[PDB]
>>> print(open('data.pdb').read())   # PDB, C-alpha atoms
MODEL        1
ATOM      1  CA  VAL A   1       0.278  13.155 -17.559
ATOM      2  CA  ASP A   2      -0.880  10.310 -15.297
ATOM      3  CA  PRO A   3      -4.597  10.345 -14.342
ATOM      4  CA  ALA A   4      -3.637   9.354 -10.798
ATOM      5  CA  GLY A   5      -0.648   9.500  -8.491
ATOM      6  CA  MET A   6       0.481   7.452  -5.539
ATOM      7  CA  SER A   7       3.447   7.629  -3.246
ATOM      8  CA  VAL A   8       4.331   5.480  -0.266
ATOM      9  CA  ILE A   9       6.108   6.171   2.999
ATOM     10  CA  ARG A  10       7.125   3.167   5.053
ATOM     11  CA  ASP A  11       7.607   4.478   8.602
ATOM     12  CA  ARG A  12      11.148   4.704   9.943
ATOM     13  CA  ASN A  13      10.025   3.885  13.498
ATOM     14  CA  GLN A  14       8.572   0.372  13.226
ATOM     15  CA  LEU A  15       6.952  -0.694  16.496
ATOM     16  CA  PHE A  16       7.046  -4.325  15.212
ATOM     17  CA  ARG A  17       3.807  -5.048  17.157
ATOM     18  CA  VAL A  18       3.758  -8.887  17.121
ATOM     19  CA  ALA A  19      -2.105 -10.695  15.719
ATOM     20  CA  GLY A  20       0.599 -13.378  15.911
ATOM     21  CA  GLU A  21       1.889 -11.706  12.746
ATOM     22  CA  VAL A  22       4.770  -9.316  12.410
ATOM     23  CA  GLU A  23       3.461  -5.899  11.367
ATOM     24  CA  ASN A  24       4.846  -3.048   9.236
ATOM     25  CA  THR A  25       3.161   0.362   8.956
ATOM     26  CA  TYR A  26       2.845   2.560   5.854
ATOM     27  CA  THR A  27       1.188   5.728   4.603
ATOM     28  CA  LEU A  28      -0.113   5.817   1.037
ATOM     29  CA  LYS A  29      -0.567   9.227  -0.630
ATOM     30  CA  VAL A  30      -3.028   9.109  -3.518
ATOM     31  CA  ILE A  31      -4.017  11.857  -5.938
ATOM     32  CA  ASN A  32      -6.771  12.068  -8.545
ATOM     33  CA  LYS A  33      -5.299  14.224 -11.330
ATOM     34  CA  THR A  34      -8.478  14.140 -13.438
ATOM     35  CA  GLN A  35     -11.521  16.429 -13.402
ATOM     36  CA  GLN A  36     -13.921  13.583 -12.508
ATOM     37  CA  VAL A  37     -14.433  11.415  -9.380
ATOM     38  CA  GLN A  38     -12.458   8.155  -9.656
ATOM     39  CA  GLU A  39     -12.375   4.752  -7.844
ATOM     40  CA  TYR A  40      -9.100   2.997  -7.049
ATOM     41  CA  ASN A  41      -8.220  -0.432  -5.627
ATOM     42  CA  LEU A  42      -5.083  -0.702  -3.493
ATOM     43  CA  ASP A  43      -3.090  -3.916  -3.299
ATOM     44  CA  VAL A  44       0.324  -5.288  -2.365
ATOM     45  CA  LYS A  45       2.380  -7.918  -4.099
ATOM     46  CA  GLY A  46       5.442  -9.843  -2.942
ATOM     47  CA  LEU A  47       4.312 -11.547   0.288
ATOM     48  CA  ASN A  48       3.402 -15.266   0.280
ATOM     49  CA  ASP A  49       1.307 -14.832   3.418
ATOM     50  CA  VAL A  50       0.003 -11.430   4.427
ATOM     51  CA  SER A  51      -2.807  -9.625   6.192
ATOM     52  CA  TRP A  52      -3.901  -6.211   4.949
ATOM     53  CA  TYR A  53      -5.135  -3.617   7.446
ATOM     54  CA  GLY A  54      -6.620  -0.402   6.018
ATOM     55  CA  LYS A  55      -8.223   1.175   2.933
ATOM     56  CA  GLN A  56      -8.540  -1.166  -0.014
ATOM     57  CA  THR A  57     -11.019   0.547  -2.354
ATOM     58  CA  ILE A  58     -11.507   4.335  -2.383
ATOM     59  CA  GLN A  59     -13.475   7.105  -4.124
ATOM     60  CA  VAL A  60     -11.327  10.185  -4.850
ATOM     61  CA  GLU A  61     -12.584  13.654  -5.882
ATOM     62  CA  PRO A  62     -11.019  15.749  -8.705
ATOM     63  CA  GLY A  63      -7.623  17.041  -7.502
ATOM     64  CA  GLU A  64      -8.248  15.468  -4.084
ATOM     65  CA  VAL A  65      -5.119  14.314  -2.237
ATOM     66  CA  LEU A  66      -5.766  11.454   0.208
ATOM     67  CA  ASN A  67      -3.516  10.326   3.046
ATOM     68  CA  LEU A  68      -3.892   6.657   3.922
ATOM     69  CA  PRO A  69      -2.266   5.152   7.036
ATOM     70  CA  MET A  70      -2.269   1.345   7.006
ATOM     71  CA  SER A  71      -0.389  -1.764   8.038
ATOM     72  CA  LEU A  72       0.590  -5.211   6.707
ATOM     73  CA  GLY A  73       0.838  -8.344   8.873
ATOM     74  CA  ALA A  74       2.714 -11.497   7.902
ATOM     75  CA  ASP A  75       3.267 -14.879   9.541
ATOM     76  CA  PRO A  76       7.076 -14.820  10.088
ATOM     77  CA  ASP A  77       7.207 -18.613   9.550
ATOM     78  CA  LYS A  78       6.124 -17.997   5.952
ATOM     79  CA  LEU A  79       8.542 -15.106   5.212
ATOM     80  CA  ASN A  80      11.429 -16.113   2.894
ATOM     81  CA  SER A  81      13.858 -13.801   4.723
ATOM     82  CA  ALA A  82      13.858 -10.774   7.048
ATOM     83  CA  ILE A  83      13.594  -8.346   4.104
ATOM     84  CA  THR A  84      10.922  -8.785   1.481
ATOM     85  CA  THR A  85      10.566  -6.585  -1.624
ATOM     86  CA  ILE A  86       6.944  -5.611  -2.111
ATOM     87  CA  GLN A  87       5.022  -3.274  -4.395
ATOM     88  CA  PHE A  88       1.935  -1.325  -3.581
ATOM     89  CA  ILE A  89      -0.361  -1.105  -6.550
ATOM     90  CA  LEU A  90      -3.022   1.464  -7.275
ATOM     91  CA  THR A  91      -5.533   0.213  -9.829
ATOM     92  CA  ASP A  92      -7.795   2.764 -11.574
ATOM     93  CA  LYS A  93      -9.859   0.466 -13.810
ATOM     94  CA  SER A  94     -11.925   3.308 -15.383
ATOM     95  CA  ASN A  95      -8.832   4.951 -16.913
ATOM     96  CA  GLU A  96      -7.266   1.473 -17.322
ATOM     97  CA  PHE A  97      -4.256   2.623 -15.304
ATOM     98  CA  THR A  98      -2.059   1.244 -12.530
ATOM     99  CA  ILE A  99       0.717   2.809 -10.488
ATOM    100  CA  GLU A 100       3.226   0.533  -8.791
ATOM    101  CA  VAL A 101       5.390   1.784  -5.948
ATOM    102  CA  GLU A 102       8.078  -0.469  -4.570
ATOM    103  CA  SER A 103       8.562  -0.718  -0.806
ATOM    104  CA  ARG A 104       9.765  -3.228   1.803
ATOM    105  CA  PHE A 105       8.364  -5.642   4.376
ATOM    106  CA  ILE A 106      10.910  -6.162   7.136
ATOM    107  CA  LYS A 107      10.894  -8.512  10.142
ATOM    108  CA  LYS A 108      12.539  -7.804  13.518
ATOM    109  CA  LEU A 109      15.348 -10.313  12.937
TER     110      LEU A 109
ENDMDL
END
>>> encode(input="data.pdb", output="structure tokens")
Amino acid sequence: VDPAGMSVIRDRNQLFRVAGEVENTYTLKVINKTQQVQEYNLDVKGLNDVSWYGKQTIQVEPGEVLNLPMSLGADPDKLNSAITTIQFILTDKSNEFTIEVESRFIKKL
């Protein structure tokens, strides 16, 4: 039984708000499945140039479910293609535990 949980929703309606970066919006759902307060770091991997906009480090209460709206910005000139595979990563150092959830970063064209 994992000490933490995370799921990710990348929004269907992407406003593509071109920040001279292209943006994508996401909601992270995080749960502490332990009986103690925990601290998590949130990260993304898979973009060679990216701006992060939103919660990065959080304190979560026992059984607390958190809902975390955020966005990623990338310079389109540094994107390899219109669709990039990314992973969001929750790191819970204290239980020496990570969760990885795969998602996508997608440009307008």
>>> closest_residue(input="data.pdb", among="A:76, A:31, A:44, A:2", to="residue 58 in chain A", atoms="only C-alpha atoms")
A:31
>>> residues_near_point(input="data.pdb", point="(-10.5, 10.1, -3.3)", cutoff="10 Å", atoms="all atoms listed in the file", output="VMD selection string")
chain A and resid 30 to 32 37 to 40 57 to 67
>>> closest_residue(input="data.pdb", among="A:9, A:1, A:47, A:19", to="residue 103 in chain A", atoms="all atoms listed in the file")
A:9
>>> closest_residue(input="data.pdb", among="A:14, A:7, A:34, A:27", to="residue 69 in chain A", atoms="all atoms listed in the file")
A:27
>>> closest_residue(input="data.pdb", among="A:97, A:88, A:52, A:26", to="residue 11 in chain A", atoms="all atoms listed in the file")
A:26
>>> atom_distance(input="data.pdb", atom1="CA of residue 53 in chain A", atom2="CA of residue 33 in chain A")
25.9 Å
>>> residues_around(input="data.pdb", residues="residue 42 in chain A", least_positions_apart="4", cutoff="6 Å", atoms="all atoms listed in the file", output="list in words")
residues 56, 89 and 90 of chain A
>>> atom_distance(input="data.pdb", atom1="CA of residue 98 in chain A", atom2="CA of residue 83 in chain A")
24.8 Å
>>> closest_residue(input="data.pdb", among="A:41, A:48, A:36, A:25", to="residue 79 in chain A", atoms="only C-alpha atoms")
A:48
>>> closest_residue(input="data.pdb", among="A:13, A:71, A:80, A:24", to="residue 105 in chain A", atoms="only C-alpha atoms")
A:24
>>> resolve_selection(input="data.pdb", expression="the PyMOL selection byres ((chain A and resi 102) around 9)", output="count of residues only")
10
>>> atom_distance(input="data.pdb", atom1="CA of residue 3 in chain A", atom2="CA of residue 72 in chain A")
26.7 Å
>>> build_atoms(input="data.pdb", residues="range 30-47 of chain A", atoms="N, CA, C and O atoms", output="mmCIF file, in the coordinates of the input")
data_model
loop_
_atom_site.group_PDB
_atom_site.id
_atom_site.type_symbol
_atom_site.label_atom_id
_atom_site.label_comp_id
_atom_site.auth_asym_id
_atom_site.auth_seq_id
_atom_site.Cartn_x
_atom_site.Cartn_y
_atom_site.Cartn_z
ATOM 1 N N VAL A 30 -2.378 9.342 -2.239
ATOM 2 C CA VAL A 30 -3.028 9.109 -3.518
ATOM 3 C C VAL A 30 -3.607 10.415 -4.050
ATOM 4 O O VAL A 30 -4.236 11.166 -3.315
ATOM 5 N N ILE A 31 -3.393 10.686 -5.329
ATOM 6 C CA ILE A 31 -4.017 11.857 -5.938
ATOM 7 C C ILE A 31 -4.798 11.523 -7.210
ATOM 8 O O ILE A 31 -4.346 10.733 -8.042
ATOM 9 N N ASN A 32 -5.991 12.105 -7.322
ATOM 10 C CA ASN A 32 -6.771 12.068 -8.545
ATOM 11 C C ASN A 32 -6.417 13.304 -9.375
ATOM 12 O O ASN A 32 -6.725 14.430 -8.983
ATOM 13 N N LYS A 33 -5.765 13.096 -10.513
ATOM 14 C CA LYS A 33 -5.299 14.224 -11.330
ATOM 15 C C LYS A 33 -6.270 14.563 -12.459
ATOM 16 O O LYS A 33 -5.961 15.381 -13.332
ATOM 17 N N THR A 34 -7.448 13.940 -12.422
ATOM 18 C CA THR A 34 -8.478 14.140 -13.438
ATOM 19 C C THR A 34 -9.527 15.112 -12.900
ATOM 20 O O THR A 34 -9.476 15.513 -11.715
ATOM 21 N N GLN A 35 -10.474 15.490 -13.774
ATOM 22 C CA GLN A 35 -11.521 16.429 -13.402
ATOM 23 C C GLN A 35 -12.825 15.718 -13.039
ATOM 24 O O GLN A 35 -13.848 16.363 -12.857
ATOM 25 N N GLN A 36 -12.770 14.390 -12.918
ATOM 26 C CA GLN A 36 -13.921 13.583 -12.508
ATOM 27 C C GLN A 36 -13.561 12.772 -11.257
ATOM 28 O O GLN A 36 -12.376 12.526 -11.001
ATOM 29 N N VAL A 37 -14.582 12.373 -10.493
ATOM 30 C CA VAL A 37 -14.433 11.415 -9.380
ATOM 31 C C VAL A 37 -13.933 10.080 -9.934
ATOM 32 O O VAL A 37 -14.385 9.634 -10.986
ATOM 33 N N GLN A 38 -12.991 9.447 -9.234
ATOM 34 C CA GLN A 38 -12.458 8.155 -9.656
ATOM 35 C C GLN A 38 -12.477 7.138 -8.504
ATOM 36 O O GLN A 38 -12.524 7.530 -7.340
ATOM 37 N N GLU A 39 -12.441 5.842 -8.837
ATOM 38 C CA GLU A 39 -12.375 4.752 -7.844
ATOM 39 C C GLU A 39 -11.109 3.958 -8.060
ATOM 40 O O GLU A 39 -10.819 3.540 -9.178
ATOM 41 N N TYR A 40 -10.365 3.742 -6.984
ATOM 42 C CA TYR A 40 -9.100 2.997 -7.049
ATOM 43 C C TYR A 40 -9.156 1.759 -6.136
ATOM 44 O O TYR A 40 -9.827 1.781 -5.109
ATOM 45 N N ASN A 41 -8.489 0.679 -6.536
ATOM 46 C CA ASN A 41 -8.220 -0.432 -5.627
ATOM 47 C C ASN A 41 -6.746 -0.321 -5.246
ATOM 48 O O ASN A 41 -5.905 0.069 -6.077
ATOM 49 N N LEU A 42 -6.442 -0.714 -4.014
ATOM 50 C CA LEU A 42 -5.083 -0.702 -3.493
ATOM 51 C C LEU A 42 -4.749 -2.116 -3.096
ATOM 52 O O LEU A 42 -5.558 -2.809 -2.466
ATOM 53 N N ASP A 43 -3.553 -2.536 -3.478
ATOM 54 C CA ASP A 43 -3.090 -3.916 -3.299
ATOM 55 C C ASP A 43 -1.619 -3.937 -2.974
ATOM 56 O O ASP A 43 -0.967 -2.919 -3.064
ATOM 57 N N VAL A 44 -1.109 -5.103 -2.586
ATOM 58 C CA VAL A 44 0.324 -5.288 -2.365
ATOM 59 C C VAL A 44 0.704 -6.611 -3.037
ATOM 60 O O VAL A 44 -0.099 -7.572 -3.073
ATOM 61 N N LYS A 45 1.883 -6.648 -3.624
ATOM 62 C CA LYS A 45 2.380 -7.918 -4.099
ATOM 63 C C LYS A 45 3.772 -8.179 -3.556
ATOM 64 O O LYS A 45 4.493 -7.227 -3.219
ATOM 65 N N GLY A 46 4.113 -9.458 -3.390
ATOM 66 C CA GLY A 46 5.442 -9.843 -2.942
ATOM 67 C C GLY A 46 5.498 -10.619 -1.644
ATOM 68 O O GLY A 46 6.563 -11.104 -1.275
ATOM 69 N N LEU A 47 4.366 -10.741 -0.950
ATOM 70 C CA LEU A 47 4.312 -11.547 0.288
ATOM 71 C C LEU A 47 3.511 -12.820 0.054
ATOM 72 O O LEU A 47 2.419 -12.766 -0.513
#
